[PDB]
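As stored in structure.txt (compact mmCIF, C-alpha atoms and all ligand atoms):
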# COMPACT_ATOMS: atom_id res chain seq x y z
CA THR W 1 0.00 0.00 0.00
CA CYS W 2 1.20 3.39 -1.29
CA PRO W 3 2.09 6.01 1.31
CA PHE W 4 0.50 9.46 1.30
CA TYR W 5 3.74 11.32 0.50
CA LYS W 6 3.85 9.54 -3.00
CA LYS W 7 0.40 10.70 -4.05
CA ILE W 8 -0.41 14.04 -5.69
CA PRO W 9 -3.88 15.14 -4.44
CA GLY W 10 -6.41 16.26 -7.00
CA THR W 11 -4.82 14.23 -9.77
CA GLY W 12 -4.58 10.69 -11.04
CA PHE W 13 -0.77 10.85 -10.43
CA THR W 14 1.87 9.13 -8.29
CA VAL W 15 5.59 9.73 -7.99
CA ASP W 16 8.20 6.93 -7.63
CA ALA W 17 5.45 4.40 -6.69
CA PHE W 18 6.11 1.19 -8.63
CA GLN W 19 6.39 -1.36 -5.71
CA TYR W 20 2.77 -1.31 -4.56
CA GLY W 21 1.08 -3.11 -7.53
CA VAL W 22 -1.80 -1.31 -9.27
CA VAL W 23 -2.42 1.90 -7.28
CA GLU W 24 -6.19 2.63 -7.13
CA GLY W 25 -7.01 5.64 -9.31
CA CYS W 26 -3.51 6.14 -10.77
CA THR W 27 -3.70 7.10 -14.49
CA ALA W 28 0.00 8.14 -14.84
CA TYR W 29 3.08 7.01 -12.87
CA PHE W 30 5.94 9.59 -12.76
CA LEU W 31 9.56 8.41 -12.26
CA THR W 32 11.98 11.16 -11.02
CA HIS W 33 15.25 9.21 -11.74
CA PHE W 34 16.81 5.79 -12.38
CA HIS W 35 17.86 4.82 -8.83
CA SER W 36 16.66 1.41 -7.54
CA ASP W 37 14.86 2.58 -4.37
CA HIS W 38 12.72 4.79 -6.70
CA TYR W 39 12.12 2.44 -9.65
CA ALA W 40 11.61 -0.65 -7.31
CA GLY W 41 8.89 -2.63 -9.06
CA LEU W 42 9.25 -1.74 -12.76
CA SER W 43 10.02 -4.53 -15.34
CA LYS W 44 9.14 -5.54 -19.02
CA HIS W 45 5.62 -6.60 -17.92
CA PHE W 46 4.56 -3.11 -16.68
CA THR W 47 1.54 -1.86 -18.72
CA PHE W 48 0.69 1.69 -17.36
CA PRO W 49 1.96 5.07 -18.71
CA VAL W 50 5.34 6.12 -17.23
CA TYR W 51 6.33 9.78 -17.47
CA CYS W 52 10.03 10.74 -17.12
CA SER W 53 13.01 12.41 -18.75
CA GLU W 54 14.56 11.26 -22.10
CA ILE W 55 17.56 9.81 -20.23
CA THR W 56 15.42 7.90 -17.69
CA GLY W 57 13.39 6.65 -20.69
CA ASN W 58 16.59 5.26 -22.38
CA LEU W 59 17.46 3.36 -19.16
CA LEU W 60 13.89 1.92 -18.71
CA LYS W 61 13.87 0.57 -22.29
CA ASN W 62 17.49 -0.78 -22.44
CA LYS W 63 18.18 -1.85 -18.87
CA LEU W 64 14.74 -2.86 -17.47
CA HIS W 65 13.10 -3.70 -20.94
CA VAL W 66 9.96 -1.75 -20.34
CA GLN W 67 8.13 -1.67 -23.69
CA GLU W 68 8.34 1.44 -25.74
CA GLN W 69 4.57 1.99 -25.88
CA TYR W 70 4.42 2.66 -22.09
CA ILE W 71 7.45 5.12 -21.99
CA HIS W 72 6.53 8.83 -22.18
CA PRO W 73 9.65 11.06 -22.26
CA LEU W 74 9.19 14.84 -21.69
CA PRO W 75 11.62 17.64 -22.50
CA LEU W 76 12.89 19.80 -19.67
CA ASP W 77 11.90 23.43 -18.99
CA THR W 78 8.75 23.07 -21.11
CA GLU W 79 5.07 23.36 -20.18
CA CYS W 80 3.40 19.96 -21.04
CA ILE W 81 -0.25 18.77 -20.57
CA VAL W 82 -0.56 15.27 -19.08
CA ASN W 83 -4.09 13.82 -18.70
CA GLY W 84 -5.42 17.38 -18.61
CA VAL W 85 -2.95 18.80 -16.06
CA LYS W 86 -0.03 21.21 -16.81
CA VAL W 87 3.37 19.88 -15.66
CA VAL W 88 7.01 20.99 -16.03
CA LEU W 89 10.18 18.90 -15.50
CA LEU W 90 13.28 20.68 -14.12
CA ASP W 91 16.90 19.47 -13.76
CA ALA W 92 17.39 18.15 -10.17
CA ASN W 93 21.24 18.39 -10.10
CA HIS W 94 21.30 14.71 -8.91
CA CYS W 95 22.34 11.87 -11.33
CA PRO W 96 21.90 11.86 -15.15
CA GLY W 97 18.26 12.22 -16.17
CA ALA W 98 17.02 13.21 -12.63
CA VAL W 99 14.16 15.72 -12.50
CA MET W 100 12.00 17.75 -10.17
CA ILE W 101 8.31 17.95 -11.23
CA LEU W 102 6.08 21.11 -11.01
CA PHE W 103 2.32 20.27 -11.04
CA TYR W 104 -0.28 23.05 -11.71
CA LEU W 105 -3.45 21.57 -10.13
CA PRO W 106 -6.84 22.27 -11.64
CA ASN W 107 -7.97 24.09 -8.40
CA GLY W 108 -5.02 26.66 -8.64
CA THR W 109 -2.64 24.96 -6.15
CA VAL W 110 1.01 24.60 -7.34
CA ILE W 111 3.07 21.58 -6.03
CA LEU W 112 6.88 21.03 -6.48
CA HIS W 113 8.25 17.45 -5.98
CA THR W 114 12.04 17.64 -5.81
CA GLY W 115 12.68 13.93 -6.28
CA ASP W 116 16.28 13.50 -5.14
CA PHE W 117 18.18 16.82 -5.62
CA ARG W 118 21.27 18.83 -4.79
CA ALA W 119 19.94 22.39 -4.31
CA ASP W 120 21.80 25.13 -6.08
CA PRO W 121 21.38 28.96 -6.41
CA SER W 122 20.97 28.42 -10.20
CA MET W 123 17.51 26.97 -9.40
CA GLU W 124 16.43 30.44 -8.20
CA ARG W 125 16.45 31.36 -12.00
CA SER W 126 14.61 28.48 -13.52
CA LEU W 127 10.85 28.55 -14.20
CA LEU W 128 10.51 28.46 -10.37
CA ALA W 129 11.08 32.23 -10.18
CA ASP W 130 7.73 33.07 -11.84
CA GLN W 131 5.22 31.79 -9.26
CA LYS W 132 4.18 30.67 -5.89
CA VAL W 133 4.39 27.04 -4.54
CA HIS W 134 1.80 25.91 -2.04
CA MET W 135 3.26 22.37 -1.26
CA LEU W 136 6.93 21.15 -1.43
CA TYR W 137 7.66 17.39 -1.41
CA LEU W 138 11.31 17.66 -0.26
CA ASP W 139 14.45 15.44 -0.44
CA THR W 140 15.46 15.68 3.23
CA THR W 141 18.35 13.11 3.10
CA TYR W 142 20.77 15.51 4.91
CA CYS W 143 18.34 17.69 6.88
CA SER W 144 20.52 18.25 10.01
CA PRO W 145 23.34 20.77 10.55
CA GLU W 146 26.08 18.16 11.09
CA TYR W 147 25.82 17.32 7.40
CA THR W 148 28.55 19.35 5.80
CA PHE W 149 30.63 18.46 2.73
CA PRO W 150 32.58 20.46 0.03
CA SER W 151 31.42 21.53 -3.44
CA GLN W 152 31.60 18.85 -6.15
CA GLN W 153 34.25 21.08 -7.94
CA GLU W 154 36.63 21.00 -4.85
CA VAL W 155 36.21 17.25 -4.61
CA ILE W 156 37.06 16.74 -8.31
CA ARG W 157 40.05 19.06 -7.94
CA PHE W 158 41.36 16.85 -5.08
CA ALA W 159 40.83 13.65 -7.09
CA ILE W 160 42.48 14.92 -10.40
CA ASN W 161 45.54 16.27 -8.47
CA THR W 162 45.92 13.03 -6.42
CA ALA W 163 45.69 10.74 -9.45
CA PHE W 164 47.98 12.88 -11.71
CA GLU W 165 50.64 13.06 -8.95
CA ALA W 166 50.65 9.31 -8.29
CA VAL W 167 50.77 8.15 -11.89
CA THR W 168 53.49 10.76 -12.79
CA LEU W 169 55.65 9.45 -9.92
CA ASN W 170 54.84 5.85 -11.01
CA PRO W 171 53.79 5.22 -14.68
CA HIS W 172 53.05 1.64 -13.72
CA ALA W 173 50.24 2.56 -11.25
CA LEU W 174 46.56 1.70 -12.11
CA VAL W 175 43.66 3.87 -10.96
CA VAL W 176 40.42 2.15 -9.95
CA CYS W 177 37.07 3.91 -9.17
CA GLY W 178 34.05 2.19 -7.50
CA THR W 179 30.45 2.45 -8.76
CA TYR W 180 27.02 0.83 -7.92
CA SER W 181 24.45 2.96 -9.67
CA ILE W 182 24.34 5.87 -12.13
CA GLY W 183 25.58 9.21 -10.83
CA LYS W 184 29.00 10.65 -9.88
CA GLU W 185 30.39 9.93 -13.42
CA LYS W 186 32.50 13.16 -13.19
CA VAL W 187 34.86 11.36 -10.69
CA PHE W 188 36.12 8.73 -13.19
CA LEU W 189 35.71 10.94 -16.32
CA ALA W 190 37.85 13.81 -14.84
CA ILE W 191 40.60 11.47 -13.62
CA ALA W 192 40.80 9.65 -17.05
CA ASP W 193 40.91 13.04 -18.90
CA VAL W 194 43.93 14.26 -16.85
CA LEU W 195 45.72 10.93 -17.47
CA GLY W 196 45.02 10.80 -21.25
CA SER W 197 43.19 7.52 -20.95
CA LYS W 198 39.75 6.10 -21.77
CA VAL W 199 37.86 4.55 -18.89
CA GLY W 200 37.65 0.72 -18.95
CA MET W 201 34.67 -1.19 -17.61
CA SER W 202 32.36 -4.25 -17.97
CA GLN W 203 29.95 -4.64 -20.83
CA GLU W 204 27.00 -4.12 -18.41
CA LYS W 205 28.38 -0.75 -17.17
CA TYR W 206 29.28 0.36 -20.71
CA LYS W 207 25.67 -0.31 -21.72
CA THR W 208 24.35 1.85 -18.89
CA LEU W 209 26.71 4.76 -19.78
CA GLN W 210 25.60 4.56 -23.44
CA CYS W 211 22.01 5.53 -22.32
CA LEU W 212 23.06 8.85 -20.68
CA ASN W 213 23.45 11.37 -23.61
CA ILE W 214 26.94 12.40 -22.49
CA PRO W 215 28.65 14.34 -25.34
CA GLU W 216 31.49 12.59 -27.12
CA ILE W 217 31.07 9.46 -24.86
CA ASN W 218 32.56 7.13 -27.51
CA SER W 219 35.81 9.12 -27.12
CA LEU W 220 35.78 8.62 -23.31
CA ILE W 221 34.95 4.96 -22.39
CA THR W 222 35.73 1.41 -23.53
CA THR W 223 35.24 -2.32 -22.80
CA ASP W 224 38.90 -3.01 -23.66
CA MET W 225 40.40 -3.11 -20.19
CA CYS W 226 44.00 -3.67 -21.35
CA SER W 227 44.12 -0.39 -23.27
CA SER W 228 42.92 1.71 -20.27
CA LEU W 229 44.68 2.87 -17.05
CA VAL W 230 41.46 3.95 -15.28
CA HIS W 231 39.21 0.96 -14.49
CA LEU W 232 35.70 0.88 -13.00
CA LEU W 233 34.68 -1.87 -10.63
CA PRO W 234 31.64 -2.57 -8.47
CA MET W 235 31.75 -0.65 -5.18
CA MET W 236 31.82 -3.96 -3.24
CA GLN W 237 35.16 -4.87 -4.77
CA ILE W 238 36.80 -1.60 -3.47
CA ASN W 239 38.74 -3.20 -0.56
CA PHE W 240 42.22 -4.73 -0.13
CA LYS W 241 41.09 -8.30 -1.08
CA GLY W 242 39.12 -7.23 -4.15
CA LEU W 243 41.84 -4.94 -5.47
CA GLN W 244 44.60 -7.59 -4.94
CA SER W 245 42.55 -9.98 -6.98
CA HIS W 246 41.96 -7.40 -9.71
CA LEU W 247 45.75 -6.56 -9.99
CA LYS W 248 46.51 -10.29 -10.54
CA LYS W 249 44.22 -10.22 -13.60
CA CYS W 250 46.15 -7.37 -15.28
CA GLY W 251 49.03 -9.60 -16.44
CA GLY W 252 51.96 -7.80 -14.74
CA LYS W 253 51.18 -4.51 -16.50
CA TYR W 254 50.83 -2.71 -13.14
CA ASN W 255 52.56 -2.81 -9.73
CA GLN W 256 50.42 -0.36 -7.68
CA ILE W 257 46.69 0.54 -7.34
CA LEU W 258 45.33 3.86 -6.32
CA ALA W 259 41.48 3.52 -5.78
CA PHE W 260 38.62 5.97 -5.11
CA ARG W 261 35.33 5.23 -3.20
CA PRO W 262 32.95 8.02 -3.73
CA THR W 263 30.66 7.96 -0.72
CA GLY W 264 28.01 10.32 0.55
CA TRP W 265 28.68 12.06 3.87
CA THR W 266 30.72 10.12 6.47
CA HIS W 267 31.56 11.26 10.09
CA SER W 268 35.20 11.92 9.06
CA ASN W 269 33.52 15.08 7.46
CA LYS W 270 32.98 16.37 11.06
CA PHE W 271 36.79 16.72 11.60
CA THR W 272 38.76 16.73 8.30
CA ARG W 273 39.04 19.25 5.42
CA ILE W 274 39.07 17.75 1.88
CA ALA W 275 42.68 19.01 1.56
CA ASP W 276 43.72 16.98 4.64
CA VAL W 277 42.17 13.62 3.49
CA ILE W 278 44.47 10.58 3.59
CA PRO W 279 44.01 7.07 2.29
CA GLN W 280 43.95 3.61 3.80
CA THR W 281 47.03 1.72 2.63
CA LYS W 282 48.19 -1.94 2.56
CA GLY W 283 51.39 -2.63 0.65
CA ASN W 284 51.13 -1.42 -2.99
CA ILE W 285 47.30 -0.61 -2.58
CA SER W 286 45.84 2.73 -1.40
CA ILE W 287 42.07 3.59 -1.05
CA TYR W 288 40.68 7.13 -0.81
CA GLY W 289 37.13 7.80 0.47
CA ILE W 290 35.97 11.03 -1.13
CA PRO W 291 32.77 12.92 -0.11
CA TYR W 292 31.18 13.52 -3.50
CA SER W 293 27.46 14.20 -2.81
CA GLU W 294 24.53 14.31 -5.23
CA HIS W 295 22.18 15.46 -2.40
CA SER W 296 21.81 18.92 -0.75
CA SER W 297 23.95 19.81 2.25
CA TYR W 298 21.94 21.20 5.20
CA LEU W 299 22.97 24.80 4.28
CA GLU W 300 22.08 24.35 0.55
CA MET W 301 18.67 22.87 1.50
CA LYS W 302 17.93 25.69 3.99
CA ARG W 303 18.84 28.33 1.38
CA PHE W 304 16.55 26.82 -1.21
CA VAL W 305 13.54 26.45 1.05
CA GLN W 306 13.96 29.99 2.58
CA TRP W 307 14.01 31.36 -1.04
CA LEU W 308 10.98 29.29 -2.27
CA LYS W 309 8.83 30.06 0.85
CA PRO W 310 6.45 27.13 0.55
CA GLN W 311 3.20 27.12 2.52
CA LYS W 312 3.62 23.44 3.49
CA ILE W 313 6.59 20.95 3.42
CA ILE W 314 6.20 17.12 3.06
CA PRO W 315 9.51 15.26 3.61
CA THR W 316 10.22 12.26 1.38
CA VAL W 317 13.38 10.92 3.20
CA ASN W 318 13.96 9.90 6.82
CA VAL W 319 10.21 9.57 7.40
CA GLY W 320 10.24 6.20 9.24
CA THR W 321 11.01 7.34 12.84
CA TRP W 322 9.32 9.73 15.20
CA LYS W 323 12.69 11.27 16.21
CA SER W 324 13.57 11.99 12.52
CA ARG W 325 10.19 13.50 11.77
CA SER W 326 10.31 15.73 14.90
CA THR W 327 13.84 16.92 14.14
CA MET W 328 12.87 17.86 10.53
CA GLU W 329 9.68 19.73 11.63
CA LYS W 330 11.77 21.80 14.12
CA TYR W 331 14.18 22.94 11.44
CA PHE W 332 11.30 23.84 9.05
CA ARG W 333 9.85 26.11 11.80
CA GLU W 334 13.17 27.79 12.53
CA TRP W 335 13.69 28.49 8.85
CA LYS W 336 10.18 29.99 8.50
CA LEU W 337 10.56 32.20 11.65
CA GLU W 338 14.02 33.38 10.62
CA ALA W 339 12.97 34.35 7.04
CA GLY W 340 9.43 35.63 7.94
CA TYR W 341 7.08 33.58 5.69
NI NI E 1 18.73 9.04 -5.95

Would you kindly transcribe this structure into structure tokens?
Amino acid sequence: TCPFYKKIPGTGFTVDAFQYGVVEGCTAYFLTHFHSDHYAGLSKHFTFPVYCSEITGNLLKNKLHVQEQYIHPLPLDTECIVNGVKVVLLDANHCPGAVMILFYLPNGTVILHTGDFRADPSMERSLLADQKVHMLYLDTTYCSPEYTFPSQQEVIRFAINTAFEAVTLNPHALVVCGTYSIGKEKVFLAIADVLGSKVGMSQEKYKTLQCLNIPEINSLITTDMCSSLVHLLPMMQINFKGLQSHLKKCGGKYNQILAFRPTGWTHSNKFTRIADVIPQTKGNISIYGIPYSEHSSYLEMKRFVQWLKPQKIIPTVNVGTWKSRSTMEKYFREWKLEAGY
């Protein structure tokens, strides 16, 4: 049974609600992005209309085999009528193809559903500038002040400089980057660019990357592992045992691994600047945890909401405990009293 925070009142619509069977009264199912917690339930046997971005539509067809007749891609930044209701999709600054959805209800109410997002001041000059929002369905993943992390640009700067130093000191070092979903592609693409290499990966990951409309992608990635000095591996293999085993397979081409685990926030964020980050090392293997986030920091979230001034907020993350829900409601009230809406 579908929870209230995935239904859009006054419409036949749901958001990210594929794991509940046939939802009573749903005429169109929106999908914000291709992350498994959100698509959980879709497959080739699905027979209702799915509305999404072009990129999400490429992934549904090629990776999940949803039939073409049920995939409805919409352009971004464009007023569209769906089952008699005006909607707009906006870039969520999350993973490739991720959107926020603006719904203009027939009674005059305006609702924004952020999906998963990383708030940015650039959003203050989208189509959001032009009108009032009554209800905000908000990605509250990091809604507490202890959640700090650097910009994505500082993080990439750290990674490029680290990789370029190591491989210049030792031309026989291999760089490995972990992955388990779409998103965070800048980590491995930026490192391979500085090194003059394509990125090597499995056929399954190549296939996923080929759905993402990244410009000049054929110039950037490959399934030929031997030709590449930046490899991608599943996130679960990014440990001393998994990396040892990988280096064996490379046929004595390399004698050192430098590996990156992009994480979200970790408690080492509460003490250490990005500049000061050090790896875990065993022998000729070193592993860096780097805090590359595709969700809002607390401060970015607070800025966005204080600018938007919604009349009501409905959290979509951390909703399962009373302590979480109480904490989030307290911050929403501070923000509102501080800004005056
Ligand atoms: Ni996500």

Please report, as a tab-separated table, each residue of chain W lying at most 7 Å from ligand NI 1 (chain E), together with the nearest pair of atoms and the separation in Å rounded to one decimal; use all atoms listed in the file, and order rows by chain and ascending residue number.
residue	atom	partner	partner_atom	distance
W:33	CA	E:NI1	NI	6.8
W:35	CA	E:NI1	NI	5.2
W:94	CA	E:NI1	NI	6.9
W:116	CA	E:NI1	NI	5.2

Shell of 8 Å around region 147-161 of chain W, only C-alpha atoms, local chain residues under 2 positions omitted, as number ranges by chain: W: 142-145, 163-165, 186-187, 190-191, 194, 265, 269-270, 274-275, 290-293, 297-299

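What separates CA of residue 31 (chain W) from CA of residue 189 (chain W) is a distance of 26.6 Å.
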
Nearest residue to residue 127 (chain W) out of W:246, W:19, W:4, W:308, using all atoms listed in the file?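 With all atoms listed in the file as the atom set, the closest residue is W:308.
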
For residue 209 (chain W), which residue out of W:192, W:225, W:95, W:175 is the nearest one, using all atoms listed in the file?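 With all atoms listed in the file as the atom set, the closest residue is W:95.
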
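Atom to atom, CA of residue 327 (chain W) and CA of residue 121 (chain W) stand 25.0 Å apart.
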
May I ask for the distance between CA of residue 26 (chain W) and CA of residue 49 (chain W), given in Å to one decimal place?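 Answer for the CA of residue 26 (chain W) to CA of residue 49 (chain W) separation: 9.7 Å.
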
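Among the candidates W:233, W:132, W:20, W:205, the residue lying nearest to residue 245 (chain W) is W:233 (atoms considered: all atoms listed in the file).
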
Which of these, W:97, W:3, W:183, W:10, has the shortest distance to residue 320 (chain W) once you count all atoms listed in the file?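 Under the stated criterion, the closest residue is W:3.
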
Min atom-atom distance to residue 125 (chain W) from the set W:62, W:310, W:214, W:90, counting all atoms listed in the file, belongs to W:90

From the options W:99, W:182, W:226, W:238, which residue's atoms come nearest to residue 206 (chain W), counting all atoms listed in the file? W:182

What would the list of residues within 12 Å of (17.6, 4.0, -2.9) (file frame) look like as a PyMOL selection string, if only C-alpha atoms are what count? chain W and resi 16+33-40+115-116+141+180-182+316-318

Which protein, DNA or RNA residues are at most 12 Å from (10.8, 1.3, -25.6) in the file's coordinates when you count only C-alpha atoms, listed as a PyMOL selection string? chain W and resi 43-44+46-47+49-50+54+56-73

Quick one: residues within 10 Å of residue 173 (chain W), all atoms listed in the file counted, chain neighbours fewer than 5 positions away excluded, as a CSV table (one decimal) with C-alpha atoms, in the frame of the given file?
chain,number,residue,atom,x,y,z
W,163,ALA,CA,45.7,10.7,-9.4
W,166,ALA,CA,50.6,9.3,-8.3
W,167,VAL,CA,50.8,8.2,-11.9
W,168,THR,CA,53.5,10.8,-12.8
W,229,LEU,CA,44.7,2.9,-17.0
W,230,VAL,CA,41.5,4.0,-15.3
W,253,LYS,CA,51.2,-4.5,-16.5
W,254,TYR,CA,50.8,-2.7,-13.1
W,255,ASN,CA,52.6,-2.8,-9.7
W,256,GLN,CA,50.4,-0.4,-7.7
W,257,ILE,CA,46.7,0.5,-7.3
W,258,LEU,CA,45.3,3.9,-6.3
W,284,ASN,CA,51.1,-1.4,-3.0
W,285,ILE,CA,47.3,-0.6,-2.6
